[PDB]
Amino acid sequence: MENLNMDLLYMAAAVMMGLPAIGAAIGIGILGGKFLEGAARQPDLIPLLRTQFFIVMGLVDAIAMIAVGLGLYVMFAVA
């Protein structure tokens, strides 16, 4: 209700803050690498537009979830 809802919002937001180290790091490294394999075959390819979409959508999982979730983690526990 009061403290239990603040423990739940905190724990999900810090779990979300670490999630980009799997998600958006596979976005840049593996779906930028697989993008450049697509550009060597055909520079306007359908799996090129999939992999380039996951370059932006990956590294934006990084920016949004790291700043909102590290913000909430430090507000509840450190204060």
# chains A, B, ... in the order shown; residues from 1 in each chain; ligands from 1

$ residues_around --residues "residue 17 (chain A)" --least-positions-apart "4" --cutoff "10 Å" --atoms "only C-alpha atoms" --output "JSON, numbers by chain"
{"A": [11, 12, 13, 21, 61, 62, 63, 64, 65, 66, 67, 68, 69, 70, 71, 72, 73]}

$ residues_around --residues "residue 59 (chain A)" --least-positions-apart "2" --cutoff "12 Å" --atoms "only C-alpha atoms" --output "PyMOL selection string"
chain A and resi 19-29+31-32+52-57+61-66

$ write_last_selection --atoms "N, CA and C atoms" --output "PDB file, in the first residue's frame"
ATOM      1  N   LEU A  19      18.720  -4.117 -17.239  1.00  0.00           N
ATOM      2  CA  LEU A  19      18.216  -4.757 -18.490  1.00  0.00           C
ATOM      3  C   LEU A  19      18.898  -4.306 -19.842  1.00  0.00           C
ATOM      4  N   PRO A  20      19.118  -3.002 -20.209  1.00  0.00           N
ATOM      5  CA  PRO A  20      19.997  -2.587 -21.343  1.00  0.00           C
ATOM      6  C   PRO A  20      21.421  -3.197 -21.514  1.00  0.00           C
ATOM      7  N   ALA A  21      22.124  -3.579 -20.424  1.00  0.00           N
ATOM      8  CA  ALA A  21      23.379  -4.382 -20.520  1.00  0.00           C
ATOM      9  C   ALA A  21      23.288  -5.777 -21.227  1.00  0.00           C
ATOM     10  N   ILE A  22      22.124  -6.449 -21.188  1.00  0.00           N
ATOM     11  CA  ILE A  22      21.767  -7.532 -22.152  1.00  0.00           C
ATOM     12  C   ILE A  22      21.132  -6.912 -23.449  1.00  0.00           C
ATOM     13  N   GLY A  23      20.009  -6.170 -23.347  1.00  0.00           N
ATOM     14  CA  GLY A  23      19.189  -5.753 -24.516  1.00  0.00           C
ATOM     15  C   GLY A  23      19.817  -4.780 -25.538  1.00  0.00           C
ATOM     16  N   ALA A  24      20.116  -3.539 -25.123  1.00  0.00           N
ATOM     17  CA  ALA A  24      20.780  -2.530 -25.996  1.00  0.00           C
ATOM     18  C   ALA A  24      22.282  -2.741 -26.373  1.00  0.00           C
ATOM     19  N   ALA A  25      23.040  -3.489 -25.554  1.00  0.00           N
ATOM     20  CA  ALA A  25      24.403  -3.978 -25.898  1.00  0.00           C
ATOM     21  C   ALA A  25      24.450  -5.078 -27.007  1.00  0.00           C
ATOM     22  N   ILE A  26      23.558  -6.095 -26.957  1.00  0.00           N
ATOM     23  CA  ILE A  26      23.201  -6.937 -28.148  1.00  0.00           C
ATOM     24  C   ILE A  26      22.615  -6.096 -29.347  1.00  0.00           C
ATOM     25  N   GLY A  27      21.838  -5.013 -29.101  1.00  0.00           N
ATOM     26  CA  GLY A  27      21.415  -4.051 -30.154  1.00  0.00           C
ATOM     27  C   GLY A  27      22.555  -3.438 -30.994  1.00  0.00           C
ATOM     28  N   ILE A  28      23.432  -2.623 -30.378  1.00  0.00           N
ATOM     29  CA  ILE A  28      24.657  -2.083 -31.053  1.00  0.00           C
ATOM     30  C   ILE A  28      25.614  -3.207 -31.578  1.00  0.00           C
ATOM     31  N   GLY A  29      26.237  -3.997 -30.686  1.00  0.00           N
ATOM     32  CA  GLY A  29      27.228  -5.039 -31.073  1.00  0.00           C
ATOM     33  C   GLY A  29      26.792  -6.106 -32.105  1.00  0.00           C
ATOM     34  N   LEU A  31      23.330  -6.474 -33.522  1.00  0.00           N
ATOM     35  CA  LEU A  31      22.423  -5.932 -34.580  1.00  0.00           C
ATOM     36  C   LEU A  31      22.953  -4.651 -35.319  1.00  0.00           C
ATOM     37  N   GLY A  32      24.086  -4.033 -34.917  1.00  0.00           N
ATOM     38  CA  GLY A  32      25.000  -3.331 -35.857  1.00  0.00           C
ATOM     39  C   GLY A  32      25.941  -4.226 -36.701  1.00  0.00           C
ATOM     40  N   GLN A  52      19.075  -2.161 -38.409  1.00  0.00           N
ATOM     41  CA  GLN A  52      19.144  -0.696 -38.154  1.00  0.00           C
ATOM     42  C   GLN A  52      18.066  -0.091 -37.196  1.00  0.00           C
ATOM     43  N   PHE A  53      16.790  -0.494 -37.351  1.00  0.00           N
ATOM     44  CA  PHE A  53      15.741  -0.314 -36.301  1.00  0.00           C
ATOM     45  C   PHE A  53      16.153  -0.779 -34.863  1.00  0.00           C
ATOM     46  N   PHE A  54      16.752  -1.970 -34.700  1.00  0.00           N
ATOM     47  CA  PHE A  54      17.338  -2.429 -33.422  1.00  0.00           C
ATOM     48  C   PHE A  54      18.695  -1.783 -32.962  1.00  0.00           C
ATOM     49  N   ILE A  55      19.442  -1.069 -33.835  1.00  0.00           N
ATOM     50  CA  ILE A  55      20.490  -0.079 -33.423  1.00  0.00           C
ATOM     51  C   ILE A  55      19.839   1.107 -32.624  1.00  0.00           C
ATOM     52  N   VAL A  56      18.827   1.815 -33.187  1.00  0.00           N
ATOM     53  CA  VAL A  56      18.110   2.906 -32.451  1.00  0.00           C
ATOM     54  C   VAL A  56      17.230   2.401 -31.254  1.00  0.00           C
ATOM     55  N   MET A  57      16.283   1.467 -31.465  1.00  0.00           N
ATOM     56  CA  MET A  57      15.447   0.869 -30.387  1.00  0.00           C
ATOM     57  C   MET A  57      16.210   0.156 -29.225  1.00  0.00           C
ATOM     58  N   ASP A  61      16.350   1.846 -25.337  1.00  0.00           N
ATOM     59  CA  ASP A  61      16.305   1.052 -24.070  1.00  0.00           C
ATOM     60  C   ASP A  61      17.435   1.451 -23.064  1.00  0.00           C
ATOM     61  N   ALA A  62      18.725   1.498 -23.484  1.00  0.00           N
ATOM     62  CA  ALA A  62      19.817   2.129 -22.685  1.00  0.00           C
ATOM     63  C   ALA A  62      19.522   3.520 -22.062  1.00  0.00           C
ATOM     64  N   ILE A  63      19.353   4.591 -22.855  1.00  0.00           N
ATOM     65  CA  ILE A  63      19.136   5.977 -22.322  1.00  0.00           C
ATOM     66  C   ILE A  63      17.889   6.114 -21.369  1.00  0.00           C
ATOM     67  N   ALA A  64      16.680   5.721 -21.822  1.00  0.00           N
ATOM     68  CA  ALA A  64      15.435   5.839 -21.028  1.00  0.00           C
ATOM     69  C   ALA A  64      15.391   5.000 -19.715  1.00  0.00           C
ATOM     70  N   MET A  65      15.646   3.679 -19.784  1.00  0.00           N
ATOM     71  CA  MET A  65      15.675   2.790 -18.604  1.00  0.00           C
ATOM     72  C   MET A  65      16.858   3.025 -17.609  1.00  0.00           C
ATOM     73  N   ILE A  66      18.090   3.365 -18.066  1.00  0.00           N
ATOM     74  CA  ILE A  66      19.221   3.721 -17.156  1.00  0.00           C
ATOM     75  C   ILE A  66      18.958   5.037 -16.347  1.00  0.00           C
TER      76      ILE A  66
END

$ residues_around --residues "residue 35 (chain A)" --least-positions-apart "6" --cutoff "9 Å" --atoms "only C-alpha atoms" --output "list in words"
residues 47, 48, 49, 50, 51, 52 and 55 of chain A

$ closest_residue --among "A:39, A:45, A:79, A:30" --to "residue 58 (chain A)" --atoms "only C-alpha atoms"
A:30

$ atom_distance --atom1 "CA of residue 5 (chain A)" --atom2 "CA of residue 60 (chain A)"
26.9 Å

$ atom_distance --atom1 "CA of residue 77 (chain A)" --atom2 "CA of residue 15 (chain A)"
14.1 Å

$ atom_distance --atom1 "CA of residue 75 (chain A)" --atom2 "CA of residue 6 (chain A)"
10.5 Å

$ decode --residues "region 26-62 of chain A" --atoms "N, CA and C atoms" --output "PDB file, in the first residue's frame"
ATOM      1  N   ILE A  26      23.558  -6.095 -26.957  1.00  0.00           N
ATOM      2  CA  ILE A  26      23.201  -6.937 -28.148  1.00  0.00           C
ATOM      3  C   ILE A  26      22.615  -6.096 -29.347  1.00  0.00           C
ATOM      4  N   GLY A  27      21.838  -5.013 -29.101  1.00  0.00           N
ATOM      5  CA  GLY A  27      21.415  -4.051 -30.154  1.00  0.00           C
ATOM      6  C   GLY A  27      22.555  -3.438 -30.994  1.00  0.00           C
ATOM      7  N   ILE A  28      23.432  -2.623 -30.378  1.00  0.00           N
ATOM      8  CA  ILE A  28      24.657  -2.083 -31.053  1.00  0.00           C
ATOM      9  C   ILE A  28      25.614  -3.207 -31.578  1.00  0.00           C
ATOM     10  N   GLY A  29      26.237  -3.997 -30.686  1.00  0.00           N
ATOM     11  CA  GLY A  29      27.228  -5.039 -31.073  1.00  0.00           C
ATOM     12  C   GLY A  29      26.792  -6.106 -32.105  1.00  0.00           C
ATOM     13  N   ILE A  30      25.741  -6.874 -31.783  1.00  0.00           N
ATOM     14  CA  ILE A  30      25.217  -7.955 -32.670  1.00  0.00           C
ATOM     15  C   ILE A  30      24.289  -7.384 -33.789  1.00  0.00           C
ATOM     16  N   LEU A  31      23.330  -6.474 -33.522  1.00  0.00           N
ATOM     17  CA  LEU A  31      22.423  -5.932 -34.580  1.00  0.00           C
ATOM     18  C   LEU A  31      22.953  -4.651 -35.319  1.00  0.00           C
ATOM     19  N   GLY A  32      24.086  -4.033 -34.917  1.00  0.00           N
ATOM     20  CA  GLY A  32      25.000  -3.331 -35.857  1.00  0.00           C
ATOM     21  C   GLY A  32      25.941  -4.226 -36.701  1.00  0.00           C
ATOM     22  N   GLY A  33      26.560  -5.276 -36.116  1.00  0.00           N
ATOM     23  CA  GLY A  33      27.299  -6.313 -36.894  1.00  0.00           C
ATOM     24  C   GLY A  33      26.503  -7.068 -37.992  1.00  0.00           C
ATOM     25  N   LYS A  34      25.350  -7.658 -37.626  1.00  0.00           N
ATOM     26  CA  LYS A  34      24.346  -8.183 -38.598  1.00  0.00           C
ATOM     27  C   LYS A  34      23.759  -7.150 -39.624  1.00  0.00           C
ATOM     28  N   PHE A  35      23.522  -5.876 -39.237  1.00  0.00           N
ATOM     29  CA  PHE A  35      23.286  -4.751 -40.190  1.00  0.00           C
ATOM     30  C   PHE A  35      24.365  -4.588 -41.301  1.00  0.00           C
ATOM     31  N   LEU A  36      25.649  -4.527 -40.925  1.00  0.00           N
ATOM     32  CA  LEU A  36      26.769  -4.387 -41.887  1.00  0.00           C
ATOM     33  C   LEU A  36      27.036  -5.613 -42.820  1.00  0.00           C
ATOM     34  N   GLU A  37      26.837  -6.861 -42.346  1.00  0.00           N
ATOM     35  CA  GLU A  37      26.555  -8.037 -43.203  1.00  0.00           C
ATOM     36  C   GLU A  37      25.366  -7.881 -44.221  1.00  0.00           C
ATOM     37  N   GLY A  38      24.220  -7.307 -43.793  1.00  0.00           N
ATOM     38  CA  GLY A  38      23.145  -6.852 -44.714  1.00  0.00           C
ATOM     39  C   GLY A  38      23.521  -5.770 -45.756  1.00  0.00           C
ATOM     40  N   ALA A  39      24.234  -4.699 -45.356  1.00  0.00           N
ATOM     41  CA  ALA A  39      24.796  -3.687 -46.294  1.00  0.00           C
ATOM     42  C   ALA A  39      25.824  -4.204 -47.350  1.00  0.00           C
ATOM     43  N   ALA A  40      26.719  -5.145 -46.978  1.00  0.00           N
ATOM     44  CA  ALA A  40      27.565  -5.895 -47.948  1.00  0.00           C
ATOM     45  C   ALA A  40      26.799  -6.730 -49.028  1.00  0.00           C
ATOM     46  N   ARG A  41      25.710  -7.433 -48.652  1.00  0.00           N
ATOM     47  CA  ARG A  41      24.759  -8.060 -49.605  1.00  0.00           C
ATOM     48  C   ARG A  41      23.940  -7.040 -50.469  1.00  0.00           C
ATOM     49  N   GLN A  42      23.119  -6.195 -49.824  1.00  0.00           N
ATOM     50  CA  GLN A  42      22.194  -5.246 -50.492  1.00  0.00           C
ATOM     51  C   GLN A  42      22.041  -3.995 -49.558  1.00  0.00           C
ATOM     52  N   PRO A  43      22.446  -2.743 -49.924  1.00  0.00           N
ATOM     53  CA  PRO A  43      22.259  -1.546 -49.046  1.00  0.00           C
ATOM     54  C   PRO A  43      20.817  -0.996 -48.787  1.00  0.00           C
ATOM     55  N   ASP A  44      19.798  -1.444 -49.543  1.00  0.00           N
ATOM     56  CA  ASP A  44      18.362  -1.250 -49.175  1.00  0.00           C
ATOM     57  C   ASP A  44      17.644  -2.632 -48.998  1.00  0.00           C
ATOM     58  N   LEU A  45      18.107  -3.431 -48.014  1.00  0.00           N
ATOM     59  CA  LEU A  45      17.547  -4.778 -47.710  1.00  0.00           C
ATOM     60  C   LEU A  45      16.494  -4.745 -46.554  1.00  0.00           C
ATOM     61  N   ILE A  46      15.556  -5.717 -46.558  1.00  0.00           N
ATOM     62  CA  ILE A  46      14.513  -5.871 -45.494  1.00  0.00           C
ATOM     63  C   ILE A  46      15.175  -6.267 -44.118  1.00  0.00           C
ATOM     64  N   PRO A  47      15.951  -7.378 -43.913  1.00  0.00           N
ATOM     65  CA  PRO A  47      16.809  -7.547 -42.705  1.00  0.00           C
ATOM     66  C   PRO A  47      17.890  -6.457 -42.381  1.00  0.00           C
ATOM     67  N   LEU A  48      18.340  -5.612 -43.337  1.00  0.00           N
ATOM     68  CA  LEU A  48      19.022  -4.316 -43.023  1.00  0.00           C
ATOM     69  C   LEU A  48      18.128  -3.288 -42.261  1.00  0.00           C
ATOM     70  N   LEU A  49      16.911  -2.981 -42.745  1.00  0.00           N
ATOM     71  CA  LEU A  49      15.922  -2.151 -41.986  1.00  0.00           C
ATOM     72  C   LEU A  49      15.430  -2.741 -40.622  1.00  0.00           C
ATOM     73  N   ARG A  50      15.358  -4.079 -40.459  1.00  0.00           N
ATOM     74  CA  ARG A  50      15.196  -4.732 -39.125  1.00  0.00           C
ATOM     75  C   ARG A  50      16.378  -4.452 -38.144  1.00  0.00           C
ATOM     76  N   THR A  51      17.606  -4.834 -38.532  1.00  0.00           N
ATOM     77  CA  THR A  51      18.847  -4.602 -37.765  1.00  0.00           C
ATOM     78  C   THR A  51      19.169  -3.105 -37.445  1.00  0.00           C
ATOM     79  N   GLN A  52      19.075  -2.161 -38.409  1.00  0.00           N
ATOM     80  CA  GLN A  52      19.144  -0.696 -38.154  1.00  0.00           C
ATOM     81  C   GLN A  52      18.066  -0.091 -37.196  1.00  0.00           C
ATOM     82  N   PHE A  53      16.790  -0.494 -37.351  1.00  0.00           N
ATOM     83  CA  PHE A  53      15.741  -0.314 -36.301  1.00  0.00           C
ATOM     84  C   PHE A  53      16.153  -0.779 -34.863  1.00  0.00           C
ATOM     85  N   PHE A  54      16.752  -1.970 -34.700  1.00  0.00           N
ATOM     86  CA  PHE A  54      17.338  -2.429 -33.422  1.00  0.00           C
ATOM     87  C   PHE A  54      18.695  -1.783 -32.962  1.00  0.00           C
ATOM     88  N   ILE A  55      19.442  -1.069 -33.835  1.00  0.00           N
ATOM     89  CA  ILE A  55      20.490  -0.079 -33.423  1.00  0.00           C
ATOM     90  C   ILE A  55      19.839   1.107 -32.624  1.00  0.00           C
ATOM     91  N   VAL A  56      18.827   1.815 -33.187  1.00  0.00           N
ATOM     92  CA  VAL A  56      18.110   2.906 -32.451  1.00  0.00           C
ATOM     93  C   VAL A  56      17.230   2.401 -31.254  1.00  0.00           C
ATOM     94  N   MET A  57      16.283   1.467 -31.465  1.00  0.00           N
ATOM     95  CA  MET A  57      15.447   0.869 -30.387  1.00  0.00           C
ATOM     96  C   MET A  57      16.210   0.156 -29.225  1.00  0.00           C
ATOM     97  N   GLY A  58      17.337  -0.541 -29.505  1.00  0.00           N
ATOM     98  CA  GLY A  58      18.297  -0.972 -28.475  1.00  0.00           C
ATOM     99  C   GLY A  58      18.892   0.210 -27.702  1.00  0.00           C
ATOM    100  N   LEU A  59      19.816   1.010 -28.263  1.00  0.00           N
ATOM    101  CA  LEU A  59      20.420   2.173 -27.523  1.00  0.00           C
ATOM    102  C   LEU A  59      19.459   3.246 -26.884  1.00  0.00           C
ATOM    103  N   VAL A  60      18.167   3.242 -27.252  1.00  0.00           N
ATOM    104  CA  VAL A  60      17.089   3.986 -26.530  1.00  0.00           C
ATOM    105  C   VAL A  60      16.427   3.199 -25.343  1.00  0.00           C
ATOM    106  N   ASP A  61      16.350   1.846 -25.337  1.00  0.00           N
ATOM    107  CA  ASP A  61      16.305   1.052 -24.070  1.00  0.00           C
ATOM    108  C   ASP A  61      17.435   1.451 -23.064  1.00  0.00           C
ATOM    109  N   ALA A  62      18.725   1.498 -23.484  1.00  0.00           N
ATOM    110  CA  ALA A  62      19.817   2.129 -22.685  1.00  0.00           C
ATOM    111  C   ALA A  62      19.522   3.520 -22.062  1.00  0.00           C
TER     112      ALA A  62
END
